[PDB]
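The next block holds one structure in the form of structure tokens; read it before the comments.
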Amino acid sequence: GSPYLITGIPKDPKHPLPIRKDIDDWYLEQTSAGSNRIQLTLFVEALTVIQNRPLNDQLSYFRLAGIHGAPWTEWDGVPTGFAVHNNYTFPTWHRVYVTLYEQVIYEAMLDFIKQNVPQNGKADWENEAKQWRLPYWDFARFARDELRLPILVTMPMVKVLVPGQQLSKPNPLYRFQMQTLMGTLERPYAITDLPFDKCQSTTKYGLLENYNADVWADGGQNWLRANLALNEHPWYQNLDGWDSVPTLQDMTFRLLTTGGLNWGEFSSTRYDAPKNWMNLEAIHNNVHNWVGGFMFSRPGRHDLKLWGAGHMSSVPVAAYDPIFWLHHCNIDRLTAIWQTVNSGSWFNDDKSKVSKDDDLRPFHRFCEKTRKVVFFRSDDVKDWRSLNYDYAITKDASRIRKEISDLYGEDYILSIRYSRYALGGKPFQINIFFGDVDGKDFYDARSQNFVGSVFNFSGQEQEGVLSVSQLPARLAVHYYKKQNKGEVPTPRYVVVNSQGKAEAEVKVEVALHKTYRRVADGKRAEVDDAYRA
Amino acid sequence: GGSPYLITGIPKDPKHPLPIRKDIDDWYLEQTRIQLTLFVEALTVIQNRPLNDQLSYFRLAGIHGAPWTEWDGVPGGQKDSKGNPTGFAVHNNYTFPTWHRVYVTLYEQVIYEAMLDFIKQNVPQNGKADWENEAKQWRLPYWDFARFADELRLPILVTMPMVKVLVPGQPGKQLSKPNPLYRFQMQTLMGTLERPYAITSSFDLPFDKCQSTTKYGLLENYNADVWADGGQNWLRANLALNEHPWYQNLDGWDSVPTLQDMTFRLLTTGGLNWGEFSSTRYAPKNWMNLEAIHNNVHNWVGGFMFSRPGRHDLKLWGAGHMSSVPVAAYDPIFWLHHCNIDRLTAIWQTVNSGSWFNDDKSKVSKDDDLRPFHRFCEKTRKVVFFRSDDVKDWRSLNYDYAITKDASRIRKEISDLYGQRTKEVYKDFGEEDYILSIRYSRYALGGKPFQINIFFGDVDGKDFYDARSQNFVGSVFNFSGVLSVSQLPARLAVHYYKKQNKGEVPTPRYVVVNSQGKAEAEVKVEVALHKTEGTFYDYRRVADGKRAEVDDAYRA
Ligand SMILES: [O-][O-]
Ligand SMILES: [Cu+2]
Ligand SMILES: [Cu+2]
Ligand SMILES: [Cu+2]
Ligand SMILES: [Cu+2]
């Protein structure tokens, strides 16, 4: 049935603008309030059916994930993937993509009810399906002292109700598992420096060099290691007994509360000022890295192994991990929040205006004005409510500033300008330090003097185009001055590849700014010979 | 079928002379397929058997501990006047190796029988003879926890959630199936199983809230539903398995895994009697024993700490079934661990052949019934319980090991497998040896488990836990819950300390750690450091141990 018309869940008067809930709040409601976990059952059962549909079914989990990147085939009659990255339509392309997923799941819930619920209970189960929306993962909220992956994502199994008659079933949010290695799928669907061709299941930090290749078939879900990455902060805050602040929460707070940005500044890493370089896509890029892992190996000798790679860090395959959609649900929510407090800023600066009318292929919609099938466009989804969902935080804009502070609440900042194609398109991580760099340990918050990272979510650039990100630096500069006779630090950086080696030929523009004036220029730090690319 | 289950080992076949139990990594690698298929399919059936089936995985694991029910007509245990559960398994006694020798054989036999049933139900005429031949040649593989996989590791196959198997009748077809060696999973939380089988209680970990076995998966302050299946943190287990002194992670120093050094000592040290070798039950040179090394591996595989005081972003704690005597038999790796413990017993027997229940203390236990395991006595024509003498020669159970196939070659194979790294690094330093002796009461914390960590030099009052902890030397784990003894190598850590301390011999400092990560100040441990001239491949006490204090917030 093509074209598939994306609409959002249809309107029903008994269900006015239902909200997409925080997935932890929702999980707790469903399992705690009492035993009637009907929405949890519906989502589990429907997503399981979708994951088990065949590859020639374009509404299969695999084909839905395939729209984003590999294996780069057609979708819905529409012949680098469809996904928009490093352009101003990044938020709107993904807004439609998340709505497509939600709609397909709702439709499969209705099918589950027709299949498994007795007549006399159908109205009760239909009511719950019509009230459900895709929950979001609030990656910047403290879990019910630290940031965490959703409760439900960390559960291999989940208890469900059996209509008419609980029962434990594999949790389709934990992983996506195929019946064979993805590199051996039928043409044209096969997925063929990270061994994704040798995976049967999606994995978080599961792929490491120097283990039997059969381990890569399912490398597991190292959610504790992802939670550690998610709470990245400067190294000094782990010292006895300084308090820590997760950089991701600070970045999210600043993104939502800094005023003045135009749509082009907010929407994307694309650079075609530095104070306005904290953008939605850059934060989204670091979260992809922190959930999945991107380093397959590390040089040298190490007892504790903190590396390991996984689907969410890799553009061509990230959409196969079920948390992809929950991450993007919150990116949609952050967009809606920022729209609410920046209500005039929508593709109307000189750089982003050109992209406003881009067709958001491959997504189809019917137009009422021509009674014609057309592609989605950004203006079609400016009001997300037109798609019949909302967020609690935007339903009531009156004290939105208060909820933002309640949730995520001289200045110094780091600016970072880079090419996504500095390594021919391969991903890399830009790590910044204040002070001497350890030539064998230049990786993460456990690395001496580490301040923060910028992840290049990629896998030549458009001429004239680069990418930007921004890191908070106030707390780290204060510590460094204290330790270093009041010296303002020279930012040192290392560009790290998926083998954990430093790429010395890569030039990145790193600078320190203070309230903003430029006070120090970044320099590349050298590492040990053995750790050099 | 209303009759005692007679344990015999896999029945004898002339075309299959004393088949060997293989190293499970070598066995897997030379298949990465009928034997693999047979083991996966048979164990899957056994795991999915109902609780009323005495040959179900659950009831076979149940023999060892909780939920302390009957098996094969033999009444199950109860808490004593003491308030301690009483079950079948022997720990802290000299029959520890022989009770577990029979238990491992029971498991192997049940699997073989399930292999034959699988062939009768699934294999076509053409392949039945070849499949039956592989079942008859198969023996339970062992996990060589002390052999390098560079580093020690959990078996490849234990780290794989799925495994590909052959499909009889479909030449070349293979199917990916859940790996029964990865975990054991039940249909509901074990705390709510039908009576009398619920896992409940005291326990200090939420095992009543698990549906599946886990390695390092249980941590405080996560949603209780995460504990239903905490996952298999096999990388964390490998890290624990490679425990060594802290100083060896410093630049300019070479490392040796303590487990490999301990196992090499165990096998090469002469002059121990059976009572010394067989058990923790209690000169300190002879305190390096089989049960103590086995207790440490249980800890390292499973983890025992549920929490840690204060705030830590990197969380190195986490608990799981293998650390806990009442539920450890539910993890499929339990059987592979105990297969190697059987192999180490056989190797040691081979190079100490007159040392069988040969001392005054163990002699008194030689004749104990090894309940609940039945066999038929030919001399009396009665069904009786196994006794230790029945399994002195493991080959009477119709299995063998490659290393015990030739006595004349066994000392060289021991050095080639377990001694080359120790000798490589010890050879860089003077001709002396140092060892730590450790004596404690398994009852010291009301029966709860605990870990004894030893340090040379100052102890970090917020980090007294593992190889990443400043000045850590090694650990001793109280698995079992009369005293108990263990020994640690100390030669390399003493050398490091002397070089930092103008040649002073270190005072061993100890901390007793509970499951909450806190220091127990009233558990008694006797620790001492001993020296001899000459490498180990006449000890005298050179220092007395002392309890270390920790930060106020880290005190029990
Ligand atoms: O001993 O298990
Ligand atoms: Cu994308
Ligand atoms: Cu994304
Ligand atoms: Cu035991
Ligand atoms: Cu044991």
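Across the range A:28-78, which residue is farthest from ligand 3 (Cβ to nearest atom) among those that are among the hydroxyl-bearing types (S, T, Y) and under 23 Å from B:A228 (Cα atoms)?
Checked the range A:28-78; the qualifying residue farthest from ligand 3 (Cβ to nearest atom) is A:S35.
Just need a number here: residues in the range B:251-271 that are more than 11 Å from every other protein chain (Cβ to nearest Cβ) and out of contact with any strand residue (DSSP E or B) (no Cβ under 8 Å at 6 or more places or on another chain).
So the count comes out to 12.
Quickly run through the range A:388-447 and pick out the residues that are under 23 Å from A:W307 (Cβ atoms) and hydroxyl-bearing (S, T, Y).
Selection gives A:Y418, A:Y443, A:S447.
Just to verify a result, which residue in the range A:94-111, among those that are under 14 Å from the mean Cα position of the chain (by Cα) and either surrounded by fewer than 21 Cβ atoms within 10 Å (Cβ to Cβ) or more than 23 Å from A:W277 (Cβ to Cβ) (or both), is nearest to ligand 1 (Cβ to nearest atom)?
Top of the filtered list is A:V98.
Of the residues A:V373, A:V381, only one is loosely packed, with under 14 Cβ neighbours inside 10 Å, out of contact with any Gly (no Cβ under 7 Å at 6 or more places or on another chain) and among the β-branched types (V, I, T); which?
Residue meeting the stated conditions: A:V373.
For the range A:471-499, how many residues meet the condition of being closer than 27 Å to A:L306 by Cα and in a loop (DSSP other than H, G, I, E, B)?
Looking only at that region, the number is 5.
Condition first: more than 12 Å from A:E128 (Cβ to Cβ), in contact with a helix residue (DSSP H, G or I) (Cβ under 8 Å, 6 or more places away or on another chain) and part of a loop (DSSP other than H, G, I, E, B). Can you find one or more residues in the range A:32-46 that meet it?
no
Filter the range A:152-185 for residues that are closer than 25 Å to B:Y222 by Cα, of a type outside the set (D, E, K, R) and assigned to a loop (DSSP other than H, G, I, E, B) and give the result.
Result: A:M155, A:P156, A:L161, A:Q166, A:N171, A:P172, A:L173, A:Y174, A:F176.
Looking at the range A:357-403 only, could you name the residues that are assigned to a helix (DSSP H, G or I), of a type in the set (K, R) and touching a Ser or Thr at 6+ places or on another chain (Cβ under 8 Å)?
A:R401
Test of understanding: among B:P141, B:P161, B:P155, B:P124, which residue is buried (at least 16 other Cβ atoms within 10 Å of the Cβ) and more than 14 Å from every other protein chain (Cβ to nearest Cβ)?
Step by step, each of B:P141, B:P161, B:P155, B:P124 is checked, and only B:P141 is buried (at least 16 other Cβ atoms within 10 Å of the Cβ) and more than 14 Å from every other protein chain (Cβ to nearest Cβ).
Quick one: how many residues across the range A:33-78 are among the aromatic types (F, W, Y), more than 25 Å from A:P156 (Cβ to Cβ) and surrounded by 18 or more Cβ atoms within 10 Å (Cβ to Cβ)?
1
Is it the case that the range B:480-494 has a residue that's surrounded by 24 or more Cβ atoms within 10 Å (Cβ to Cβ), over 23 Å from the mean Cα position of the chain (by Cα), more than 16 Å from ligand 3 (Cβ to nearest atom) and over 22 Å from B:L239 (Cα atoms)?
Yes: one or more hits.
Restricting attention to the range A:279-300, does a residue exist that is away from chain B (no Cβ under 14 Å), farther than 30 Å from A:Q200 by Cα and buried (at least 20 other Cβ atoms within 10 Å of the Cβ)?
yes
Can you spot a residue in the range B:406-415 that is within 14 Å of chain A (Cβ to nearest Cβ) and in a loop (DSSP other than H, G, I, E, B)?
Looking through the range B:406-415, none of the residues is within 14 Å of chain A (Cβ to nearest Cβ) and in a loop (DSSP other than H, G, I, E, B).
Looking at B:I24, B:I7, B:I63, which one is of a type in the set (A, V, I, L, M), closer than 30 Å to B:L175 by Cα and more than 16 Å from ligand 2 (Cβ to nearest atom)?
Within the list B:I24, B:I7, B:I63, the selection yields B:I24.
Do any helices (runs of 4 or more DSSP H) entirely within the range B:225-330 hold 2 or more residues that are among the aliphatic types (A, V, I, L, M) and more than 16 Å from ligand 4 (Cβ to nearest atom), and if so, which?
Filter on the range B:225-330 gives B:234-241, B:258-268.
Residue-wise test of (1) under 17 Å from A:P156 (Cα atoms); (2) within 12 Å of another protein chain (Cβ to nearest Cβ).
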position: A:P188; (1), (2): no, no
position: A:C199; (1), (2): no, yes
position: A:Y205; (1), (2): yes, yes
position: A:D218; (1), (2): yes, yes
position: A:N222; (1), (2): yes, yes
position: A:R225; (1), (2): yes, yes
position: A:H233; (1), (2): no, yes
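Would you say B:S323 is within 12 Å of ligand 1 (Cβ to nearest atom) and buried (at least 21 other Cβ atoms within 10 Å of the Cβ)?
yes
Since every read-out is calculated from the coordinates, none of them should be taken as a lab result. Every residue, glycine as well, gets a Cβ built from its backbone with ideal geometry; the counts of neighbours run over all protein chains shown.
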